[PDB]
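Q: First, the structure itself, so that you have it in front of you.
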Amino acid sequence: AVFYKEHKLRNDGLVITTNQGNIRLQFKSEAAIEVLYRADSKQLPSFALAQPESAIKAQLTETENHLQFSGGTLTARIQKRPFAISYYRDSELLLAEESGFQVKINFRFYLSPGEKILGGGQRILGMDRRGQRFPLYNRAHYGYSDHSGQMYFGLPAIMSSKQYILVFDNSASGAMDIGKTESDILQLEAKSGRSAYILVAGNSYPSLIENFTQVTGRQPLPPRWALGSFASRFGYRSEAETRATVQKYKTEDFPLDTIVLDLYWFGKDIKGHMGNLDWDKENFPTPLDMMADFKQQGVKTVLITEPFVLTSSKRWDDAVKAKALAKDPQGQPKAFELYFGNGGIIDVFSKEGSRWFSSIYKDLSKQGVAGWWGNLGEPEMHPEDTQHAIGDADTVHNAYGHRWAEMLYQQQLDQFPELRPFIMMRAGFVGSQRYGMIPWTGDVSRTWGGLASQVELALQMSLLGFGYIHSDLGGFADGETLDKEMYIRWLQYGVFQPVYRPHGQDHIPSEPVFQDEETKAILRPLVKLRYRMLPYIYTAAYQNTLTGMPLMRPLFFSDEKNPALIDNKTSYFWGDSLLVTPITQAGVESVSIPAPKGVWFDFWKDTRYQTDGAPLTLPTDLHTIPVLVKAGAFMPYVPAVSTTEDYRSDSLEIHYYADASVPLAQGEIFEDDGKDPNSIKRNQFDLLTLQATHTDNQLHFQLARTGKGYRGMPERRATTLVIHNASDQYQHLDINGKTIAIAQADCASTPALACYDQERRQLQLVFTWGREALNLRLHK
Ligand SMILES: O=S1(=O)O[C@@H]2[C@H](O)[C@@H](O)[C@H](O)[C@@H](CO)[C@@H]2O1
Ligand SMILES: O=C([O-])C(=O)[O-]
């Protein structure tokens, strides 16, 4: 039994006093509030908030039985007796406390009937997690397939169909019960740590995510090369083998930006060497030459590092001596048995651990390393009596990887202020995106079920801040012989998800260049397609940096007033315009795609479909997976290159999908130098926009460029605009008032400026796109 006693308004925050203690409410923006219970006491600081000490002016009003604390869109309604806070956007009930806070740490809230709940991060349980209970304790799930209540990267956060996000801003071993134990109760609990939650509201799912990333952090734009092709396996055993793999990509004509080196770079065996963090010179004898030779071919090098230093490693004595390791309660270095052997964990929460670890990254980055892979940051083993500078293992567990990322991000920005850090990690916390974390879904089995779970995993992480969530393409764990069909399907899906990184245990090849002729004839043009689509992908990335909009969006974005779509985890949006339906079983002959009402085109075949609600049945083939294009889409391409180091947009090819049903459409292409962390902030970019206006007798395109440009930017781009489903009635074209006749023959066979292909229903326009506005008008 809890009740209101008294309140103060101080430094813009409302401090309430109950019979059981102090509660501090600070608005972190107009649509986001931090509620800290036990505000009187010493607690761990926030990990989730990008600006933990901010509070914006709010309107407090008092009545008899209630208080009302309001920012712009979000209102906290604080009932006095019994004490219960509830949350409103306008006068719509988002979320009400039941008992609220208790003692362990425990928060309890009501769930409205029919409310659907996404969240928890990586779980394979269904998209609506209501009716489920699971732990908040990051932990490996080696060889998972079609089920998991607990894996590498949990998030103490949910997204509701009421269009709010709730963050349990707590790093400790805990649990989430989403109306499982009691129908109508959401319960959050932890063993220790901060007793705080954060509620964020939105008018729509895009605005919600914008609001969320506003307060938890925005991903800075990764380097363009992160959207390229990675060569990876576990693992290249030598410099010779790694040079041969870069060579194989060249001699097989597959694009390649980055080669990833697994744990054999620092020692000849899986066991016994972890913590060396230095080249195994018997197997990598000339690594500066190696990395420089690769950079001559436009190829970057990424190295795996782990949080553990083994007692058998070259660096044990030094790490002990520097006080870099986490300690036991006696106060000496804590050592424990890992798979790899006996060892300690680097204390990234301490000054001495951070400096020691940072110095090692600095030395290797100076040698040529372009990016970093941080593996096992759950941490994979983490005994409860391990003591970090700010708390014990069970208190800090779910923030270890988060702090590892922050440490490494700050370090890379300090060493290379003109480059974008590349940081790939397995485990983090809410807001780790603000440190550039690129997560992957761990050690997935080489099974169809492993593939069939990846969309669910990607969407759950994308919705809560992680745009670059991806999988080990082809599958990682076990298997004895390649499942060729599953592999092909996985690398096809690969094209339409955030990072193109095939990776697996090296008894079966993960790289597409090591596959048979049929497999390479299928995948080679799709990996080239990935490169041709870089303007589309990089523009989605730019939008993610601006607004948190993820690259993969769920089907439920298409209709916010149909909550039944929340369950779908087989069809998703890649950017604004493509609905992708991966094939997740062997031998599937056709698919039923639940395309939103409107007009859609087969991406591969140009076929036009219209639907008023009913699904579309498409046949399948081995060469592709089913992709529909939304009418009104602008799909931009550039010619395929071997490496994004050679990237050029001097030649653009843009495909517009016309339909009279879409009378107004827009597209955007974001260009910059692909490497500068300050390009957006300083406006050192070239933002191309395209607007189509489609009426009964006219189709009109308005083209423009904004931004201050960048070094090497083309002043003029050769542009081919291909209009799919173009009317055969268009008589003439004006380009900036200059009339041009539309040829009706020989389009593929003449240097035609405007030509209609009657057999394909495509109108092709070729022109020069310079810095000034350009208007193209077609009239009947
Ligand atoms: O248990 S593993 O086989 O899976 C772990 C990682 O998640 C993989 O990405 C990595 O390639 C392996 C070697 O460093 C690790 O051992
Ligand atoms: O829709 C049009 O404009 C047509 O097909 O003629």
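We label chains A, B, ... in the order they appear in the structure tokens, count residues from 1 in each chain, and number ligands from 1 in the order shown.
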Taking only residues of chain A that have an atom at most 9 Å from an atom of ligand 1, what is each one's shortest atom pair and its distance in Å to one decimal, using only C-alpha atoms and all ligand atoms, in chain and number order, as JSON lines?

A:
```
{"residue": "A:140", "atom": "CA", "partner": "ligand 1", "partner_atom_place_in_ligand_line": "7 (O)", "distance": 8.3}
{"residue": "A:142", "atom": "CA", "partner": "ligand 1", "partner_atom_place_in_ligand_line": "1 (O)", "distance": 6.5}
{"residue": "A:143", "atom": "CA", "partner": "ligand 1", "partner_atom_place_in_ligand_line": "1 (O)", "distance": 8.8}
{"residue": "A:232", "atom": "CA", "partner": "ligand 1", "partner_atom_place_in_ligand_line": "11 (O)", "distance": 8.7}
{"residue": "A:233", "atom": "CA", "partner": "ligand 1", "partner_atom_place_in_ligand_line": "11 (O)", "distance": 6.7}
{"residue": "A:234", "atom": "CA", "partner": "ligand 1", "partner_atom_place_in_ligand_line": "11 (O)", "distance": 4.6}
{"residue": "A:235", "atom": "CA", "partner": "ligand 1", "partner_atom_place_in_ligand_line": "11 (O)", "distance": 7.0}
{"residue": "A:262", "atom": "CA", "partner": "ligand 1", "partner_atom_place_in_ligand_line": "14 (O)", "distance": 5.5}
{"residue": "A:263", "atom": "CA", "partner": "ligand 1", "partner_atom_place_in_ligand_line": "14 (O)", "distance": 5.3}
{"residue": "A:264", "atom": "CA", "partner": "ligand 1", "partner_atom_place_in_ligand_line": "14 (O)", "distance": 8.6}
{"residue": "A:270", "atom": "CA", "partner": "ligand 1", "partner_atom_place_in_ligand_line": "13 (C)", "distance": 7.7}
{"residue": "A:304", "atom": "CA", "partner": "ligand 1", "partner_atom_place_in_ligand_line": "14 (O)", "distance": 7.2}
{"residue": "A:305", "atom": "CA", "partner": "ligand 1", "partner_atom_place_in_ligand_line": "14 (O)", "distance": 8.5}
{"residue": "A:306", "atom": "CA", "partner": "ligand 1", "partner_atom_place_in_ligand_line": "14 (O)", "distance": 8.4}
{"residue": "A:375", "atom": "CA", "partner": "ligand 1", "partner_atom_place_in_ligand_line": "7 (O)", "distance": 6.2}
{"residue": "A:376", "atom": "CA", "partner": "ligand 1", "partner_atom_place_in_ligand_line": "7 (O)", "distance": 6.7}
{"residue": "A:426", "atom": "CA", "partner": "ligand 1", "partner_atom_place_in_ligand_line": "7 (O)", "distance": 7.3}
{"residue": "A:440", "atom": "CA", "partner": "ligand 1", "partner_atom_place_in_ligand_line": "9 (O)", "distance": 8.6}
{"residue": "A:441", "atom": "CA", "partner": "ligand 1", "partner_atom_place_in_ligand_line": "7 (O)", "distance": 8.5}
{"residue": "A:442", "atom": "CA", "partner": "ligand 1", "partner_atom_place_in_ligand_line": "7 (O)", "distance": 5.0}
{"residue": "A:443", "atom": "CA", "partner": "ligand 1", "partner_atom_place_in_ligand_line": "7 (O)", "distance": 5.1}
{"residue": "A:444", "atom": "CA", "partner": "ligand 1", "partner_atom_place_in_ligand_line": "7 (O)", "distance": 8.8}
{"residue": "A:472", "atom": "CA", "partner": "ligand 1", "partner_atom_place_in_ligand_line": "9 (O)", "distance": 7.9}
{"residue": "A:476", "atom": "CA", "partner": "ligand 1", "partner_atom_place_in_ligand_line": "8 (C)", "distance": 7.7}
{"residue": "A:477", "atom": "CA", "partner": "ligand 1", "partner_atom_place_in_ligand_line": "3 (O)", "distance": 6.8}
{"residue": "A:478", "atom": "CA", "partner": "ligand 1", "partner_atom_place_in_ligand_line": "3 (O)", "distance": 8.7}
{"residue": "A:503", "atom": "CA", "partner": "ligand 1", "partner_atom_place_in_ligand_line": "11 (O)", "distance": 7.4}
{"residue": "A:504", "atom": "CA", "partner": "ligand 1", "partner_atom_place_in_ligand_line": "11 (O)", "distance": 6.9}
{"residue": "A:505", "atom": "CA", "partner": "ligand 1", "partner_atom_place_in_ligand_line": "11 (O)", "distance": 6.9}
```

Q: Pick out the residues no farther than 8 Å from ligand 2, counting only C-alpha atoms and all ligand atoms, and list them as a list in words.

A: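 Sorted by chain and then by number, the residues are residues 659, 660, 694, 695, 696, 697, 698, 699, 725, 726, 727, 728 and 729 of chain A.
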
Q: Which residues are close to residue 325 in chain A, i.e. within 8 Å by only C-alpha atoms, leaving aside same-chain residues fewer than 5 positions away? Reply as a ChimeraX atom specification.

A: /A:319-320,333-334,344-347,353

Q: Kindly indicate which residue among A:25, A:540, A:627, A:458 lies nearest to residue 581 in chain A, using only C-alpha atoms for the distances.

A: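 For residue 581 in chain A, the nearest of the candidates is A:627.
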
Q: Per DSSP on the backbone, what are the helix (DSSP H, G or I) residues of range 326-527 of chain A, as an NGL selection string?

A: :A and (351-367 or 393-415 or 432-435 or 448-452 or 454-462 or 484-495 or 512-514 or 517-527)

Q: Can you work out which one of A:483, A:518, A:34, A:759 has the shortest atom-to-atom distance to residue 166 in chain A, counting only C-alpha atoms?

A: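 Using only C-alpha atoms, the shortest distance to residue 166 in chain A belongs to A:34.
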
Q: At a cut-off of 12 Å, can you tabulate as CSV every residue of range 410-436 of chain A near range 47-59 of chain A together with its closest atom pair and the distance in Å to one decimal, using only C-alpha atoms and ordering rows by chain then number?

A:
```
residue,atom,partner,partner_atom,distance
A:428,CA,A:47,CA,10.4
A:429,CA,A:48,CA,7.2
A:430,CA,A:48,CA,5.1
A:431,CA,A:48,CA,5.1
A:432,CA,A:48,CA,8.0
A:433,CA,A:50,CA,10.2
A:434,CA,A:50,CA,7.6
A:435,CA,A:50,CA,10.2
```

Q: To one decimal place in Å, what is the distance between CA of residue 245 in chain A and CA of residue 295 in chain A?

A: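 That distance, rounded to one decimal, is 14.4 Å.
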
Q: If we count only C-alpha atoms and set the cut-off at 12 Å, which residues sit around residue 543 in chain A, ignoring sequence neighbours fewer than 2 positions away in its own chain? Please answer as a short mmCIF file (atom, residue, chain, number, x, y, z; two decimals) with C-alpha atoms, in the first residue's frame.

A:
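Okay, this is what ended up in selection.cif:
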```
data_model
loop_
_atom_site.label_atom_id
_atom_site.label_comp_id
_atom_site.auth_asym_id
_atom_site.auth_seq_id
_atom_site.Cartn_x
_atom_site.Cartn_y
_atom_site.Cartn_z
CA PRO A 206 7.66 5.73 -37.81
CA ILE A 209 10.81 5.07 -33.68
CA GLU A 210 11.94 8.64 -34.42
CA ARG A 218 20.79 7.67 -33.56
CA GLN A 219 23.09 5.33 -35.44
CA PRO A 220 25.80 7.30 -37.14
CA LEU A 221 26.06 6.50 -40.84
CA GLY A 467 19.04 -1.09 -38.42
CA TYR A 536 18.83 2.57 -52.75
CA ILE A 537 20.47 0.89 -49.74
CA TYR A 538 22.73 3.80 -48.76
CA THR A 539 19.75 6.15 -48.96
CA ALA A 540 17.79 3.86 -46.53
CA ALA A 541 20.89 4.04 -44.31
CA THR A 545 20.71 7.95 -39.34
CA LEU A 546 18.18 10.83 -39.60
CA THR A 547 15.06 9.22 -38.08
CA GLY A 548 15.79 5.69 -36.82
CA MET A 549 13.69 4.29 -39.71
CA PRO A 550 15.01 0.76 -40.04
CA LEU A 551 16.13 -0.69 -43.35
CA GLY A 575 13.44 0.17 -47.85
CA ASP A 576 10.22 2.02 -48.88
CA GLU A 668 15.48 10.42 -52.98
CA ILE A 669 19.13 9.52 -53.54
CA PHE A 670 21.74 10.42 -50.91
CA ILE A 680 25.44 15.01 -42.76
CA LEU A 687 20.88 14.92 -52.05
#
```

Q: What is the CA of residue 758 in chain A-CA of residue 730 in chain A distance in Å, reported with one decimal?

A: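 These atoms are spaced 11.7 Å apart.
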
Q: Find, counting only C-alpha atoms, the residue in A:37, A:603, A:152, A:336 that gets nearest to residue 618 in chain A.

A: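 Checking each candidate against residue 618 in chain A, we get A:603 as the closest.
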